[PDB]
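Below: one structure, written as structure tokens.
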Number of protein chains: 2
Amino acid sequence: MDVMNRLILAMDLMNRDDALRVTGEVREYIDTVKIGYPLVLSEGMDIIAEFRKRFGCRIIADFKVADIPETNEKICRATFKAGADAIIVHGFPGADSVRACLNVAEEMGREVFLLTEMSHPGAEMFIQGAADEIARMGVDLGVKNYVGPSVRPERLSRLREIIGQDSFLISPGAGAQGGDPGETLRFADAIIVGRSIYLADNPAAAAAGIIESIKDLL
Amino acid sequence: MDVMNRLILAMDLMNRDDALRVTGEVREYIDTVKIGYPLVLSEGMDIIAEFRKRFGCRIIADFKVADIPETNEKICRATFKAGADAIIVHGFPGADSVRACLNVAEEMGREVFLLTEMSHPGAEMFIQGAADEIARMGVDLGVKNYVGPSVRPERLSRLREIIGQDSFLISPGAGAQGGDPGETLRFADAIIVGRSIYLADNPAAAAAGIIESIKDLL
Ligand SMILES: O=c1cc(O)n([C@@H]2O[C@H](COP(=O)(O)O)[C@@H](O)[C@H]2O)c(=O)[nH]1
Ligand SMILES: O=c1cc(O)n([C@@H]2O[C@H](COP(=O)(O)O)[C@@H](O)[C@H]2O)c(=O)[nH]1
């Protein structure tokens, strides 16, 4: 996956009008948008088609899929049928649940991202201790795309070590959660940014500024 | 909540006409329906209102919420706005993520169910080792409703022990995944059943049959 400016917009606005407006405002800077449940549950799966029609951006469905295999398969099918290019899947529920997503993605020609360690403080309770193993599991399963936390660069570094330089790694937590874009891009291929852009008075300027701060990494 | 016949239908059909037909056919036996992402992502969040309009059923939104606290809040808000009585939340992302859901539920007068251990084989990799602590964390947070696996009675028993007799416990995995309704109701207040009912030639007969088998526990 070739992410423009190593920057993925986390479009978590919950109003169709606002979401389309803000994404339109930053379209020149990004070609990849992560759409999650806040938007989808508020506006419907048709929002994915709407984004594709208006922007042509790649769409990563951030559904943190975390069900049993049978249900995971149904979720992935519905998601890819709606036009998502990729889906984010939790690794914590284990290998079979991940494989179920990999199977659908393989059949439909889409991508799975494996979420290994999360960026919020609660991640330290259970996820962090399992994260290295989750990443190794992804490697065993042939997962090529991963998600890890901007706010813990030492953990992001470990994740990168595990998956190798050829795997694709994206990382949320830059900006609002305190992660630094430049430091994060030492290890991740692209950063995910939501509030620092979409809550900005001027989202275009916010996007431009982030990109300016990392220009030597582009 | 008072679940009729201790039986919750997992309506994971992905076609609105089929979902409505089957639910309507079993409505005499079940007043609580679990609606997850397979149906919601196929038919939209409007499906929740449609079920409310057609049937006298409580709706549990099985969305396995597993994001950071800020995103969890948005998901719960969108879900309760759509008319869900309750939402199911993963505990593995930790206490802050759960607390975020509890805050919205308290604010909107709805219920949170904490998913502790899952019923699929992959659950043994990471979730199982954390499940006792997740349950205990639920108790510390004041969570009153829990989900645990029908297919591991020993684990379901431990869960019930941790949360106490006053907590409400529902359990999937009966039927298609090999769990036994009767054994499961030794520990769970209600069982969740999907395929054994919705894939039956006569779903009403399938539900009636299950209820008949546990008649003494009602
Ligand atoms: O570990 C993770 C994984 C995520 O997907 N996310 C997601 O990435 C986005 C981060 O948004 P923000 O830049 O406003 O913090 C949100 O959509 C959130 O759900 C995260 O914050 N941490
Ligand atoms: O540990 C769990 C937690 C669940 O929510 N579920 C859900 O419960 C339902 C079980 O359906 P079924 O009876 O067809 O196996 C599905 O909707 C599934 O996503 C589960 O099977 N195991």
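Every chain in the structure tokens has a letter given in the order shown (A, B, ...), and although residue numbers restart at 1 in each chain, ligands are simply numbered from 1 in the order shown.
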
- prompt: Taking only C-alpha atoms into account, what are the residues of chain A at most 8 Å from chain B, put as a PyMOL selection string?
  reply: chain A and resi 12+37-38+41-42+44-45+64+66-69+71+74-75+78-79+92-97+118-127+130

- request: Run DSSP on the backbone and give me the residues of segment 36-139 of chain B it puts in strand (DSSP E), as a list in words.
  value: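 Taking segment 36-139 of chain B and keeping strand (DSSP E) gives residues 36, 58, 59, 60, 61, 62, 63, 64, 65, 86, 87, 88, 89, 90, 111, 112, 113, 114 and 115 of chain B.
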
Neighbour list for residue 189 of chain B as a compact mmCIF listing (two decimals) with N, CA, C and O atoms, in the first residue's frame, cut-off 7 Å, only C-alpha atoms, skip fewer than 4 positions in-chain:
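Everything below was put into out09.txt:
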# COMPACT_ATOMS: atom_id res chain seq x y z
N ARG B 6 -35.21 -17.42 29.12
CA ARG B 6 -33.75 -17.46 29.28
C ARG B 6 -33.04 -17.69 27.96
O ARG B 6 -31.95 -18.27 27.92
N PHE B 168 -25.61 -10.38 36.15
CA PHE B 168 -26.35 -11.00 35.07
C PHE B 168 -25.35 -11.54 34.05
O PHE B 168 -24.42 -10.83 33.66
N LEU B 169 -25.51 -12.79 33.66
CA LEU B 169 -24.52 -13.46 32.83
C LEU B 169 -25.21 -14.13 31.66
O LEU B 169 -26.13 -14.92 31.84
N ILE B 170 -24.79 -13.80 30.45
CA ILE B 170 -25.35 -14.47 29.28
C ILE B 170 -24.23 -15.18 28.55
O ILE B 170 -23.06 -14.80 28.69
N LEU B 185 -26.96 -23.08 31.51
CA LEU B 185 -27.88 -22.35 32.37
C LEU B 185 -27.69 -22.67 33.85
O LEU B 185 -28.35 -22.08 34.71

List as JSON lines every residue of chain B that is in contact with ligand 2, defined as an atom at most 9 Å from one of its atoms (using only C-alpha atoms and all ligand atoms), together with the nearest atom pair and the distance in Å rounded to one decimal, sorted by chain and then rising number.
{"residue": "B:9", "atom": "CA", "partner": "ligand 2", "partner_atom_place_in_ligand_line": "13 (O)", "distance": 8.2}
{"residue": "B:10", "atom": "CA", "partner": "ligand 2", "partner_atom_place_in_ligand_line": "17 (O)", "distance": 5.1}
{"residue": "B:11", "atom": "CA", "partner": "ligand 2", "partner_atom_place_in_ligand_line": "17 (O)", "distance": 7.0}
{"residue": "B:12", "atom": "CA", "partner": "ligand 2", "partner_atom_place_in_ligand_line": "17 (O)", "distance": 5.8}
{"residue": "B:34", "atom": "CA", "partner": "ligand 2", "partner_atom_place_in_ligand_line": "17 (O)", "distance": 7.3}
{"residue": "B:35", "atom": "CA", "partner": "ligand 2", "partner_atom_place_in_ligand_line": "17 (O)", "distance": 7.5}
{"residue": "B:36", "atom": "CA", "partner": "ligand 2", "partner_atom_place_in_ligand_line": "17 (O)", "distance": 6.2}
{"residue": "B:37", "atom": "CA", "partner": "ligand 2", "partner_atom_place_in_ligand_line": "19 (O)", "distance": 8.5}
{"residue": "B:38", "atom": "CA", "partner": "ligand 2", "partner_atom_place_in_ligand_line": "17 (O)", "distance": 8.2}
{"residue": "B:62", "atom": "CA", "partner": "ligand 2", "partner_atom_place_in_ligand_line": "5 (O)", "distance": 6.2}
{"residue": "B:63", "atom": "CA", "partner": "ligand 2", "partner_atom_place_in_ligand_line": "5 (O)", "distance": 8.2}
{"residue": "B:64", "atom": "CA", "partner": "ligand 2", "partner_atom_place_in_ligand_line": "5 (O)", "distance": 7.1}
{"residue": "B:88", "atom": "CA", "partner": "ligand 2", "partner_atom_place_in_ligand_line": "5 (O)", "distance": 7.7}
{"residue": "B:115", "atom": "CA", "partner": "ligand 2", "partner_atom_place_in_ligand_line": "3 (C)", "distance": 7.0}
{"residue": "B:116", "atom": "CA", "partner": "ligand 2", "partner_atom_place_in_ligand_line": "1 (O)", "distance": 8.1}
{"residue": "B:117", "atom": "CA", "partner": "ligand 2", "partner_atom_place_in_ligand_line": "1 (O)", "distance": 6.3}
{"residue": "B:118", "atom": "CA", "partner": "ligand 2", "partner_atom_place_in_ligand_line": "1 (O)", "distance": 3.1}
{"residue": "B:119", "atom": "CA", "partner": "ligand 2", "partner_atom_place_in_ligand_line": "1 (O)", "distance": 3.9}
{"residue": "B:120", "atom": "CA", "partner": "ligand 2", "partner_atom_place_in_ligand_line": "22 (N)", "distance": 6.3}
{"residue": "B:123", "atom": "CA", "partner": "ligand 2", "partner_atom_place_in_ligand_line": "1 (O)", "distance": 8.0}
{"residue": "B:147", "atom": "CA", "partner": "ligand 2", "partner_atom_place_in_ligand_line": "3 (C)", "distance": 7.0}
{"residue": "B:148", "atom": "CA", "partner": "ligand 2", "partner_atom_place_in_ligand_line": "1 (O)", "distance": 6.4}
{"residue": "B:149", "atom": "CA", "partner": "ligand 2", "partner_atom_place_in_ligand_line": "1 (O)", "distance": 5.4}
{"residue": "B:150", "atom": "CA", "partner": "ligand 2", "partner_atom_place_in_ligand_line": "1 (O)", "distance": 8.2}
{"residue": "B:171", "atom": "CA", "partner": "ligand 2", "partner_atom_place_in_ligand_line": "3 (C)", "distance": 7.5}
{"residue": "B:172", "atom": "CA", "partner": "ligand 2", "partner_atom_place_in_ligand_line": "8 (O)", "distance": 4.7}
{"residue": "B:173", "atom": "CA", "partner": "ligand 2", "partner_atom_place_in_ligand_line": "15 (O)", "distance": 5.1}
{"residue": "B:174", "atom": "CA", "partner": "ligand 2", "partner_atom_place_in_ligand_line": "13 (O)", "distance": 5.8}
{"residue": "B:175", "atom": "CA", "partner": "ligand 2", "partner_atom_place_in_ligand_line": "13 (O)", "distance": 5.9}
{"residue": "B:176", "atom": "CA", "partner": "ligand 2", "partner_atom_place_in_ligand_line": "15 (O)", "distance": 4.9}
{"residue": "B:177", "atom": "CA", "partner": "ligand 2", "partner_atom_place_in_ligand_line": "15 (O)", "distance": 5.2}
{"residue": "B:178", "atom": "CA", "partner": "ligand 2", "partner_atom_place_in_ligand_line": "15 (O)", "distance": 8.4}
{"residue": "B:192", "atom": "CA", "partner": "ligand 2", "partner_atom_place_in_ligand_line": "8 (O)", "distance": 6.2}
{"residue": "B:193", "atom": "CA", "partner": "ligand 2", "partner_atom_place_in_ligand_line": "13 (O)", "distance": 4.0}
{"residue": "B:194", "atom": "CA", "partner": "ligand 2", "partner_atom_place_in_ligand_line": "13 (O)", "distance": 3.5}
{"residue": "B:195", "atom": "CA", "partner": "ligand 2", "partner_atom_place_in_ligand_line": "14 (O)", "distance": 3.6}
{"residue": "B:196", "atom": "CA", "partner": "ligand 2", "partner_atom_place_in_ligand_line": "13 (O)", "distance": 6.1}
{"residue": "B:197", "atom": "CA", "partner": "ligand 2", "partner_atom_place_in_ligand_line": "13 (O)", "distance": 7.8}
{"residue": "B:198", "atom": "CA", "partner": "ligand 2", "partner_atom_place_in_ligand_line": "14 (O)", "distance": 8.0}
{"residue": "B:199", "atom": "CA", "partner": "ligand 2", "partner_atom_place_in_ligand_line": "14 (O)", "distance": 8.6}

message: Can you measure atom CA of residue 137 of chain B to atom CA of residue 159 of chain B for me? One decimal in Å is fine.
response: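 Separation between atom CA of residue 137 of chain B and atom CA of residue 159 of chain B: 11.8 Å.
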
message: List as a list in words the protein and nucleic acid residues near residue 213 of chain B, meaning an atom at most 10 Å away when only C-alpha atoms are counted, but skip any in the same chain fewer than 6 places from it.
response: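 The residues that qualify are residues 181, 182 and 207 of chain B.
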
Write the residues of the preceding selection, restricted to C-alpha atoms, as a tab-separated table (two decimals), in the first residue's frame.
chain	number	residue	atom	x	y	z
B	181	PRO	CA	-28.23	-25.23	26.87
B	182	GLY	CA	-28.93	-27.00	30.18
B	207	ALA	CA	-36.63	-22.43	19.59

task: Please run DSSP on the backbone and report, as a count of residues only, all residues within segment 54-210 of chain A that come out as alpha helix (DSSP H).
output: 71

task: Return the single residue from A:58, A:21, A:27, A:144 that is closest to residue 2 of chain A, with distances computed using only C-alpha atoms.
output: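 Ranked by minimum distance to residue 2 of chain A, first place goes to A:58.
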
field: Among listed residues A:57, A:86, A:26, A:1, nearest residue 206 of chain A (using only C-alpha atoms)
entry: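 Answer, going by the shortest atom-to-atom distance: A:26.
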
task: Using only C-alpha atoms, find the one residue out of A:210, A:30, A:135, A:104 that sits nearest to residue 155 of chain A.
output: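 Among the listed residues, A:135 lies closest to residue 155 of chain A.
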
Separation of atom CA of residue 25 of chain B from atom CA of residue 112 of chain B, in Å and rounded to one decimal: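 Atom CA of residue 25 of chain B sits 27.7 Å away from atom CA of residue 112 of chain B.
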
message: My list of candidates is A:158, A:152, A:99, A:215. Which is closest to ligand 1 when distances are computed with only C-alpha atoms and all ligand atoms?
response: A:152

query: With distances taken over only C-alpha atoms, which of A:59, A:20, A:141, A:84 is nearest to residue 103 of chain A?
result: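 Counting only C-alpha atoms, the residue closest to residue 103 of chain A is A:141.
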
With a distance cut-off of 9 Å and only C-alpha atoms, select the neighbouring residues of segment 161-163 of chain A, excluding the residue or stretch itself and same-chain residues fewer than 6 positions from it, and output the selection as a PDB file with N, CA, C and O atoms, in the first residue's frame.
ATOM      1  N   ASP A 132       3.785  -8.618  21.659  1.00  0.00           N
ATOM      2  CA  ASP A 132       4.884  -9.220  20.892  1.00  0.00           C
ATOM      3  C   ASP A 132       4.435 -10.537  20.275  1.00  0.00           C
ATOM      4  O   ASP A 132       4.751 -10.844  19.120  1.00  0.00           O
ATOM      5  N   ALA A 135       2.058 -10.059  17.425  1.00  0.00           N
ATOM      6  CA  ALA A 135       2.791  -9.698  16.224  1.00  0.00           C
ATOM      7  C   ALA A 135       3.429 -10.934  15.583  1.00  0.00           C
ATOM      8  O   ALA A 135       3.319 -11.127  14.372  1.00  0.00           O
ATOM      9  N   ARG A 136       4.083 -11.767  16.392  1.00  0.00           N
ATOM     10  CA  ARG A 136       4.658 -13.024  15.895  1.00  0.00           C
ATOM     11  C   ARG A 136       3.602 -13.922  15.261  1.00  0.00           C
ATOM     12  O   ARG A 136       3.845 -14.569  14.238  1.00  0.00           O
ATOM     13  N   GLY A 138       0.905 -12.842  13.800  1.00  0.00           N
ATOM     14  CA  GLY A 138       0.647 -12.217  12.516  1.00  0.00           C
ATOM     15  C   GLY A 138       1.699 -12.668  11.517  1.00  0.00           C
ATOM     16  O   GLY A 138       1.381 -13.038  10.388  1.00  0.00           O
ATOM     17  N   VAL A 139       2.959 -12.660  11.940  1.00  0.00           N
ATOM     18  CA  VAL A 139       4.023 -13.101  11.049  1.00  0.00           C
ATOM     19  C   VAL A 139       3.807 -14.550  10.599  1.00  0.00           C
ATOM     20  O   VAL A 139       3.918 -14.857   9.410  1.00  0.00           O
ATOM     21  N   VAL A 143       0.481 -12.289   7.805  1.00  0.00           N
ATOM     22  CA  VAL A 143      -0.020 -10.925   7.835  1.00  0.00           C
ATOM     23  C   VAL A 143       1.095  -9.978   7.404  1.00  0.00           C
ATOM     24  O   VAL A 143       2.237 -10.112   7.834  1.00  0.00           O
ATOM     25  N   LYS A 144       0.761  -9.039   6.527  1.00  0.00           N
ATOM     26  CA  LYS A 144       1.746  -8.106   5.999  1.00  0.00           C
ATOM     27  C   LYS A 144       1.542  -6.689   6.528  1.00  0.00           C
ATOM     28  O   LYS A 144       2.449  -5.864   6.433  1.00  0.00           O
ATOM     29  N   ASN A 145       0.353  -6.415   7.079  1.00  0.00           N
ATOM     30  CA  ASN A 145       0.001  -5.068   7.523  1.00  0.00           C
ATOM     31  C   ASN A 145      -0.326  -5.068   8.998  1.00  0.00           C
ATOM     32  O   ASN A 145      -1.099  -5.905   9.456  1.00  0.00           O
ATOM     33  N   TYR A 146       0.219  -4.087   9.719  1.00  0.00           N
ATOM     34  CA  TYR A 146       0.109  -4.052  11.174  1.00  0.00           C
ATOM     35  C   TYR A 146      -0.210  -2.671  11.692  1.00  0.00           C
ATOM     36  O   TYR A 146       0.036  -1.663  11.023  1.00  0.00           O
ATOM     37  N   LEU A 169       3.383  -0.985   8.393  1.00  0.00           N
ATOM     38  CA  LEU A 169       3.013  -0.662   9.765  1.00  0.00           C
ATOM     39  C   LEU A 169       2.414   0.737   9.819  1.00  0.00           C
ATOM     40  O   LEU A 169       3.051   1.704   9.391  1.00  0.00           O
ATOM     41  N   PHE A 187       9.641   4.345  12.696  1.00  0.00           N
ATOM     42  CA  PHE A 187       9.299   2.930  12.753  1.00  0.00           C
ATOM     43  C   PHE A 187       8.095   2.574  11.895  1.00  0.00           C
ATOM     44  O   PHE A 187       8.106   1.563  11.216  1.00  0.00           O
TER      45      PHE A 187
END

- request: Please measure the separation of atom 8 (O, counted along the ligand's line) of ligand 1 and atom CA of residue 110 of chain B, giving the value in Å to one decimal.
  value: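 So the two atoms, atom 8 (O, counted along the ligand's line) of ligand 1 and atom CA of residue 110 of chain B, lie 25.8 Å apart.
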